[PDB]
Structures are given as C-alpha cells and as structure tokens.
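Below is model27.csv, holding CSV, N, CA and C atoms.
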chain,number,residue,atom,x,y,z
A,150,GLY,N,139.0,77.4,152.7
A,150,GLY,CA,140.2,77.5,152.0
A,150,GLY,C,140.4,78.7,151.1
A,151,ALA,N,139.3,79.6,151.1
A,151,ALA,CA,139.4,80.8,150.4
A,151,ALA,C,140.3,81.8,151.1
A,152,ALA,N,141.3,82.3,150.3
A,152,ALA,CA,142.4,83.1,150.9
A,152,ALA,C,141.9,84.6,150.8
A,153,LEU,N,141.6,85.1,151.9
A,153,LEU,CA,141.2,86.6,152.0
A,153,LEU,C,141.7,87.1,153.4
A,154,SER,N,142.8,87.8,153.4
A,154,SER,CA,143.4,88.2,154.7
A,154,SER,C,143.0,89.6,155.1
A,155,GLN,N,142.1,90.3,154.3
A,155,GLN,CA,141.7,91.6,154.6
A,155,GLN,C,140.7,91.6,155.8
A,156,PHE,N,140.0,90.5,156.0
A,156,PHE,CA,138.9,90.4,156.9
A,156,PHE,C,139.2,89.4,158.1
A,157,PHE,N,139.8,88.2,157.8
A,157,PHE,CA,139.9,87.2,158.8
A,157,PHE,C,141.1,86.3,158.3
A,158,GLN,N,141.7,85.6,159.3
A,158,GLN,CA,142.6,84.5,159.0
A,158,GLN,C,142.7,83.6,160.2
A,159,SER,N,143.0,82.3,159.9
A,159,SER,CA,142.9,81.3,160.9
A,159,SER,C,144.3,80.9,161.4
A,160,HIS,N,144.4,80.6,162.7
A,160,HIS,CA,145.7,80.2,163.3
A,160,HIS,C,145.6,78.8,163.8
A,161,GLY,N,144.5,78.1,163.6
A,161,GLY,CA,144.3,76.7,164.1
A,161,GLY,C,143.4,76.8,165.3
A,162,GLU,N,142.1,76.5,165.1
A,162,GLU,CA,141.0,76.6,166.1
A,162,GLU,C,140.9,78.0,166.8
A,163,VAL,N,141.5,79.0,166.3
A,163,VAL,CA,141.4,80.4,166.8
A,163,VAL,C,141.3,81.3,165.5
A,164,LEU,N,140.1,81.8,165.3
A,164,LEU,CA,139.9,82.8,164.2
A,164,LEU,C,140.2,84.2,164.7
A,165,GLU,N,141.0,85.0,164.0
A,165,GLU,CA,141.0,86.4,164.3
A,165,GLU,C,140.3,87.1,163.2
A,166,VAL,N,139.7,88.3,163.6
A,166,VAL,CA,138.9,89.1,162.6
A,166,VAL,C,139.0,90.5,163.0
A,167,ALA,N,139.2,91.4,162.1
A,167,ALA,CA,139.4,92.8,162.3
A,167,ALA,C,138.0,93.5,162.3
A,168,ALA,N,137.5,93.8,163.6
A,168,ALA,CA,136.3,94.5,163.7
A,168,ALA,C,136.6,96.0,163.5
A,169,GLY,N,135.6,96.8,163.1
A,169,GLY,CA,135.8,98.2,162.8
A,169,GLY,C,134.5,98.9,162.6
A,170,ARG,N,134.6,100.2,162.9
A,170,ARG,CA,133.6,101.2,162.5
A,170,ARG,C,132.2,101.0,163.1
A,171,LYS,N,132.2,101.1,164.4
A,171,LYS,CA,130.9,101.2,165.1
A,171,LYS,C,130.2,102.6,164.8
A,172,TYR,N,131.0,103.6,164.7
A,172,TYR,CA,130.5,104.9,164.4
A,172,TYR,C,131.2,105.4,163.1
A,173,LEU,N,130.6,106.4,162.5
A,173,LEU,CA,131.1,107.0,161.2
A,173,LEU,C,131.1,108.5,161.3
A,174,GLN,N,132.2,109.1,160.9
A,174,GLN,CA,132.3,110.5,161.0
A,174,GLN,C,131.9,111.2,159.7
A,175,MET,N,131.1,112.3,159.8
A,175,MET,CA,130.7,113.1,158.7
A,175,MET,C,131.7,114.3,158.5
A,176,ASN,N,131.4,115.1,157.4
A,176,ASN,CA,132.3,116.2,157.1
A,176,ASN,C,132.2,117.3,158.1
A,177,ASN,N,131.0,117.6,158.6
A,177,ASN,CA,130.8,118.7,159.5
A,177,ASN,C,131.2,118.5,160.9
A,178,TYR,N,131.7,117.3,161.2
A,178,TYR,CA,132.3,117.0,162.5
A,178,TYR,C,133.6,117.8,162.7
A,179,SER,N,133.7,118.6,163.7
A,179,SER,CA,134.8,119.5,163.9
A,179,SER,C,135.4,119.5,165.3
A,180,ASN,N,135.2,118.4,166.0
A,180,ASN,CA,135.7,118.2,167.4
A,180,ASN,C,135.1,119.3,168.3
A,181,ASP,N,133.9,119.7,168.1
A,181,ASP,CA,133.3,120.8,168.9
A,181,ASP,C,133.0,120.2,170.3
A,182,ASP,N,132.7,121.2,171.2
A,182,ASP,CA,132.6,120.8,172.6
A,182,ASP,C,131.2,120.1,172.9
A,183,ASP,N,130.3,120.3,172.0
A,183,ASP,CA,129.0,119.6,172.1
A,183,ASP,C,128.9,118.4,171.1
A,184,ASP,N,130.0,118.1,170.4
A,184,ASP,CA,129.9,116.9,169.5
A,184,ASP,C,129.9,115.6,170.3
A,185,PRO,N,129.2,114.6,169.9
A,185,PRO,CA,129.2,113.3,170.6
A,185,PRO,C,130.6,112.6,170.4
A,186,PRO,N,131.1,112.1,171.5
A,186,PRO,CA,132.4,111.3,171.4
A,186,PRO,C,132.2,110.0,170.7
A,187,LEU,N,133.2,109.6,169.9
A,187,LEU,CA,133.1,108.4,169.1
A,187,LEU,C,134.0,107.3,169.6
A,188,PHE,N,134.8,107.5,170.6
A,188,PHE,CA,135.5,106.5,171.4
A,188,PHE,C,136.5,105.7,170.5
A,189,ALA,N,137.1,106.4,169.5
A,189,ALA,CA,138.0,105.9,168.5
A,189,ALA,C,137.5,104.7,167.7
A,190,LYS,N,136.2,104.6,167.6
A,190,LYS,CA,135.6,103.6,166.8
A,190,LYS,C,135.1,104.0,165.4
A,191,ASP,N,135.8,105.1,164.9
A,191,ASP,CA,135.6,105.5,163.5
A,191,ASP,C,136.9,105.4,162.7
A,192,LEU,N,138.0,104.8,163.2
A,192,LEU,CA,139.2,104.7,162.5
A,192,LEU,C,139.2,103.5,161.6
A,193,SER,N,140.3,103.2,161.0
A,193,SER,CA,140.4,102.0,160.2
A,193,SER,C,140.5,100.7,161.1
A,194,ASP,N,141.3,100.7,162.1
A,194,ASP,CA,141.4,99.6,163.0
A,194,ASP,C,141.7,100.1,164.4
A,195,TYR,N,140.7,99.8,165.3
A,195,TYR,CA,140.9,100.1,166.7
A,195,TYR,C,141.2,98.8,167.6
A,196,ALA,N,140.8,97.6,167.1
A,196,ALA,CA,141.0,96.4,167.8
A,196,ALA,C,141.1,95.2,166.8
A,197,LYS,N,141.5,94.1,167.4
A,197,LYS,CA,141.5,92.8,166.6
A,197,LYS,C,140.9,91.8,167.5
A,198,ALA,N,139.6,91.5,167.3
A,198,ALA,CA,138.9,90.5,168.1
A,198,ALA,C,139.2,89.1,167.7
A,199,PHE,N,139.6,88.2,168.6
A,199,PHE,CA,140.1,86.9,168.3
A,199,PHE,C,139.0,85.9,168.8
B,688,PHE,N,143.9,63.7,151.1
B,688,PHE,CA,144.0,62.7,150.0
B,688,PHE,C,143.4,61.4,150.3
B,689,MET,N,143.5,60.9,151.6
B,689,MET,CA,142.9,59.6,151.9
B,689,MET,C,141.4,59.7,152.0
B,690,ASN,N,140.8,60.8,152.3
B,690,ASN,CA,139.3,61.0,152.2
B,690,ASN,C,139.1,62.2,151.2
B,691,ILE,N,138.4,61.8,150.1
B,691,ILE,CA,138.3,62.8,149.0
B,691,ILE,C,137.4,63.9,149.4
B,692,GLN,N,136.4,63.7,150.3
B,692,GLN,CA,135.4,64.7,150.6
B,692,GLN,C,135.9,65.9,151.3
B,693,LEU,N,137.1,65.8,151.9
B,693,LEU,CA,137.7,67.0,152.6
B,693,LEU,C,138.1,68.1,151.7
B,694,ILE,N,138.5,67.8,150.4
B,694,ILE,CA,138.9,68.8,149.5
B,694,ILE,C,137.6,69.5,149.0
B,695,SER,N,137.5,70.8,149.2
B,695,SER,CA,136.3,71.5,148.8
B,695,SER,C,136.3,71.8,147.3
B,696,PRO,N,135.3,71.4,146.6
B,696,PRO,CA,135.3,71.6,145.1
B,696,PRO,C,135.0,73.0,144.7
B,697,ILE,N,134.7,73.9,145.6
B,697,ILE,CA,134.5,75.3,145.3
B,697,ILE,C,135.9,76.1,145.3
B,698,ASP,N,136.8,75.6,146.1
B,698,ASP,CA,138.2,76.2,146.1
B,698,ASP,C,139.1,75.5,145.1
B,699,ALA,N,139.2,74.2,145.1
B,699,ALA,CA,140.2,73.5,144.4
B,699,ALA,C,139.5,72.5,143.4
B,700,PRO,N,138.9,73.0,142.3
B,700,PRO,CA,138.3,72.0,141.4
B,700,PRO,C,139.2,71.1,140.6
B,701,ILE,N,140.4,71.7,140.1
B,701,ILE,CA,141.3,70.9,139.4
B,701,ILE,C,142.0,69.9,140.3
B,702,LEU,N,142.3,70.3,141.6
B,702,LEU,CA,142.9,69.4,142.5
B,702,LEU,C,142.0,68.3,143.0
B,703,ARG,N,140.7,68.7,143.2
B,703,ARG,CA,139.6,67.7,143.5
B,703,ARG,C,139.5,66.7,142.4
B,704,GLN,N,139.5,67.1,141.2
B,704,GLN,CA,139.5,66.2,140.0
B,704,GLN,C,140.7,65.3,140.0
B,705,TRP,N,141.9,65.8,140.3
B,705,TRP,CA,143.1,65.0,140.3
B,705,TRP,C,143.1,64.0,141.3
B,706,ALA,N,142.6,64.3,142.6
B,706,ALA,CA,142.5,63.3,143.6
B,706,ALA,C,141.4,62.2,143.2
B,707,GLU,N,140.4,62.7,142.6
B,707,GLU,CA,139.3,61.7,142.2
B,707,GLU,C,139.7,60.8,141.1
B,708,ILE,N,140.5,61.3,140.1
B,708,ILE,CA,141.0,60.5,139.1
B,708,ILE,C,142.1,59.5,139.6
B,709,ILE,N,142.9,59.9,140.6
B,709,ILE,CA,143.8,58.9,141.2
B,709,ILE,C,143.0,57.8,141.9
B,710,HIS,N,141.9,58.2,142.6
B,710,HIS,CA,141.2,57.2,143.4
B,710,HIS,C,140.4,56.3,142.4
B,711,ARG,N,139.9,56.8,141.3
B,711,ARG,CA,139.2,55.9,140.4
B,711,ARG,C,140.2,55.0,139.5
B,712,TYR,N,141.0,55.7,138.7
B,712,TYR,CA,141.6,55.1,137.5
B,712,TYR,C,143.0,54.7,137.7
B,713,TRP,N,143.4,54.5,139.0
B,713,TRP,CA,144.8,53.9,139.2
B,713,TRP,C,144.8,52.5,138.9
B,714,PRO,N,145.8,51.9,138.3
B,714,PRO,CA,145.8,50.5,137.9
B,714,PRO,C,145.8,49.6,139.0
B,715,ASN,N,144.9,48.6,138.9
B,715,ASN,CA,144.7,47.6,139.9
B,715,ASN,C,145.8,46.5,139.9
B,716,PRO,N,146.2,46.0,141.0
B,716,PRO,CA,147.1,44.8,141.0
B,716,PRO,C,146.4,43.6,140.7
B,717,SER,N,147.2,42.6,140.3
B,717,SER,CA,146.6,41.3,139.9
B,717,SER,C,147.6,40.2,140.2
B,718,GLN,N,147.4,39.0,139.7
B,718,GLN,CA,148.3,37.9,139.9
B,718,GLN,C,148.2,36.9,138.8
B,719,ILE,N,149.2,36.1,138.5
B,719,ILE,CA,149.4,35.3,137.4
B,719,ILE,C,150.1,34.0,137.8
B,720,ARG,N,149.7,32.9,137.3
B,720,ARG,CA,150.3,31.6,137.6
B,720,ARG,C,151.6,31.4,136.8
B,721,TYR,N,152.6,30.7,137.3
B,721,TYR,CA,153.8,30.4,136.7
B,721,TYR,C,154.4,29.1,137.2
B,722,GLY,N,155.4,28.6,136.5
B,722,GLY,CA,156.2,27.4,136.8
B,722,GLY,C,155.3,26.2,137.0
B,723,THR,N,155.8,25.3,137.8
B,723,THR,CA,154.9,24.3,138.4
B,723,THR,C,155.3,24.0,139.8
B,724,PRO,N,154.4,24.1,140.8
B,724,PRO,CA,154.7,23.7,142.1
B,724,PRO,C,154.6,22.2,142.4
B,725,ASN,N,154.1,21.4,141.4
B,725,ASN,CA,153.9,20.0,141.6
B,725,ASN,C,155.2,19.2,141.7
B,726,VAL,N,156.2,19.5,140.8
B,726,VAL,CA,157.4,18.8,140.8
B,726,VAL,C,158.6,19.6,141.0
B,727,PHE,N,158.6,20.9,140.7
B,727,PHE,CA,159.7,21.8,141.0
B,727,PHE,C,159.7,22.4,142.4
B,728,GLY,N,158.6,22.5,143.0
B,728,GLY,CA,158.5,23.3,144.2
B,728,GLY,C,158.5,24.8,143.9
B,729,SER,N,158.6,25.5,145.0
B,729,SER,CA,158.6,27.0,144.8
B,729,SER,C,159.3,27.6,146.0
B,730,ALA,N,159.9,28.8,145.7
B,730,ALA,CA,160.5,29.6,146.7
B,730,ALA,C,159.7,30.8,147.2
B,731,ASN,N,158.4,30.7,147.0
B,731,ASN,CA,157.5,31.8,147.4
B,731,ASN,C,157.3,31.8,148.9
B,732,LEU,N,157.5,32.9,149.6
B,732,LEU,CA,157.5,33.0,151.0
B,732,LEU,C,156.2,33.6,151.5
B,733,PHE,N,155.7,34.7,151.0
B,733,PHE,CA,154.6,35.4,151.6
B,733,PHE,C,153.4,35.3,150.6
B,734,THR,N,153.5,34.6,149.5
B,734,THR,CA,152.4,34.4,148.6
B,734,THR,C,152.1,32.9,148.5
B,735,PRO,N,150.9,32.5,148.1
B,735,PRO,CA,150.7,31.1,147.8
B,735,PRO,C,151.6,30.7,146.6
B,736,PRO,N,152.2,29.5,146.6
B,736,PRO,CA,153.4,29.2,145.9
B,736,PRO,C,153.3,29.1,144.4
This structure in structure tokens:
Amino acid sequence: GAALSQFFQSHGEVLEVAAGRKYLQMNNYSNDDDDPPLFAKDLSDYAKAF
Amino acid sequence: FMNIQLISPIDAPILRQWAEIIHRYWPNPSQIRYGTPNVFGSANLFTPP
C-alpha cells in the first residue's frame, strides 16, 4: 500500500518496474572508435519490464 | 473491513485503529420483555412473542 511510483506500480496481478543502468558513462567517454558500446543501457529509461 | 488483518498497520495506522474500534466497541443488540402474551396475545411475527 506504500505509494511510490518512481520505481514500480501495480495494475492487478501484473507488476511493472522501470529497470535501468546496466552500464554507467564516465566523463572521458567521447564516442571514440575503440570505446566499448553501451547498447543504450546508460540512459534514464530504456525499457519497462512487466 | 470484514477481515481486520488485511489492513496493513505500517501504511494505515489510524485507519487500522478505526476499523479495530468499530469491531470492538460497537453497541451490541439486546432484547427486552413487554406486554403480556398470556391474555393479550401478540402480533410478533419473526421474534418470539
């Protein structure tokens, strides 16, 4: 019954939850050609796993 | 409301207390004798007369 919609919310036997940030970007990341790709998993929200 | 334990006391303490006070201290029904059924009879239908 705790109301906190920043992380999860229930729709009735189906919980949704905002996953995020498998990777984290540093300051010296500059999209160089030998930089490791992060697969858009450093943004605020890339998916919503239900 | 019909089962008190469903209301979580960590979320709704005042409301849990309100449900609990309703379930404890609500006034109980009772019954009282009147008239006389020996010679007047009675028009009671769903109660003993």
- Item | Residue nearest residue B:691 - candidates B:703, B:735, B:712, B:720, atoms counted: only N, CA and C atoms |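 For residue B:691, the nearest of the candidates is B:703.
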- Which residue gives the smallest distance to chain A among B:689, B:732, B:709, B:697, with only N, CA and C atoms counted?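 Going through B:689, B:732, B:709, B:697 one by one, the smallest distance to chain A is for B:697.
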- Message: List as a ChimeraX atom specification the protein and nucleic acid residues near stretch 195-197 of chain A, meaning an atom at most 7 Å away when only N, CA and C atoms are counted, but skip any in the same chain fewer than 4 places from it.
- Response: /A:165-170,189-190
Can you list every residue of chain B that has an atom at most 10 Å from chain A, with its nearest atom pair and the distance in Å to one decimal, using only C-alpha atoms, ordered by chain then number, as a Markdown table?
| residue | atom | partner | partner_atom | distance |
| --- | --- | --- | --- | --- |
| B:694 | CA | A:150 | CA | 9.1 |
| B:695 | CA | A:150 | CA | 7.8 |
| B:697 | CA | A:151 | CA | 9.0 |
| B:698 | CA | A:150 | CA | 6.4 |
| B:699 | CA | A:150 | CA | 8.6 |
Residues as selected, N, CA and C atoms, written as a PDB file, in the frame of the given file, can you do that?
ATOM      1  N   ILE B 694     138.500  67.800 150.400  1.00  0.00           N
ATOM      2  CA  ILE B 694     138.900  68.800 149.500  1.00  0.00           C
ATOM      3  C   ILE B 694     137.600  69.500 149.000  1.00  0.00           C
ATOM      4  N   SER B 695     137.500  70.800 149.200  1.00  0.00           N
ATOM      5  CA  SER B 695     136.300  71.500 148.800  1.00  0.00           C
ATOM      6  C   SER B 695     136.300  71.800 147.300  1.00  0.00           C
ATOM      7  N   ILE B 697     134.700  73.900 145.600  1.00  0.00           N
ATOM      8  CA  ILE B 697     134.500  75.300 145.300  1.00  0.00           C
ATOM      9  C   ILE B 697     135.900  76.100 145.300  1.00  0.00           C
ATOM     10  N   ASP B 698     136.800  75.600 146.100  1.00  0.00           N
ATOM     11  CA  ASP B 698     138.200  76.200 146.100  1.00  0.00           C
ATOM     12  C   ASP B 698     139.100  75.500 145.100  1.00  0.00           C
ATOM     13  N   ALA B 699     139.200  74.200 145.100  1.00  0.00           N
ATOM     14  CA  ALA B 699     140.200  73.500 144.400  1.00  0.00           C
ATOM     15  C   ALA B 699     139.500  72.500 143.400  1.00  0.00           C
TER      16      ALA B 699
END
- May I ask for the distance between atom N of residue B:700 and atom CA of residue A:153, given in Å to one decimal place?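 Separating atom N of residue B:700 from atom CA of residue A:153 is a distance of 16.9 Å.
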- Query: What gap, in Å, lies between atom N of residue A:154 and atom CA of residue B:696?
  - Reply: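 Going from atom N of residue A:154 over to atom CA of residue B:696, I get 19.7 Å.
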Based on DSSP run over this structure's backbone, return all residues of chain A in strand (DSSP E), as a tab-separated table (two decimals) with N, CA and C atoms, keeping the file's coordinate frame.
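Heads up, here's the output in selection.tsv:
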chain	number	residue	atom	x	y	z
A	157	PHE	N	139.80	88.20	157.80
A	157	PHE	CA	139.90	87.20	158.80
A	157	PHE	C	141.10	86.30	158.30
A	158	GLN	N	141.70	85.60	159.30
A	158	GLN	CA	142.60	84.50	159.00
A	158	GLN	C	142.70	83.60	160.20
A	159	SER	N	143.00	82.30	159.90
A	159	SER	CA	142.90	81.30	160.90
A	159	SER	C	144.30	80.90	161.40
A	164	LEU	N	140.10	81.80	165.30
A	164	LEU	CA	139.90	82.80	164.20
A	164	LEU	C	140.20	84.20	164.70
A	165	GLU	N	141.00	85.00	164.00
A	165	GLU	CA	141.00	86.40	164.30
A	165	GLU	C	140.30	87.10	163.20
A	166	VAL	N	139.70	88.30	163.60
A	166	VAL	CA	138.90	89.10	162.60
A	166	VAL	C	139.00	90.50	163.00
- Note on the structure: The distance between atom N of residue A:161 and atom N of residue B:710 is 29.0 Å
- Item | helix (DSSP H, G or I) call set, DSSP backbone run, chain B, as a ChimeraX atom specification | /B:691-693,700-712
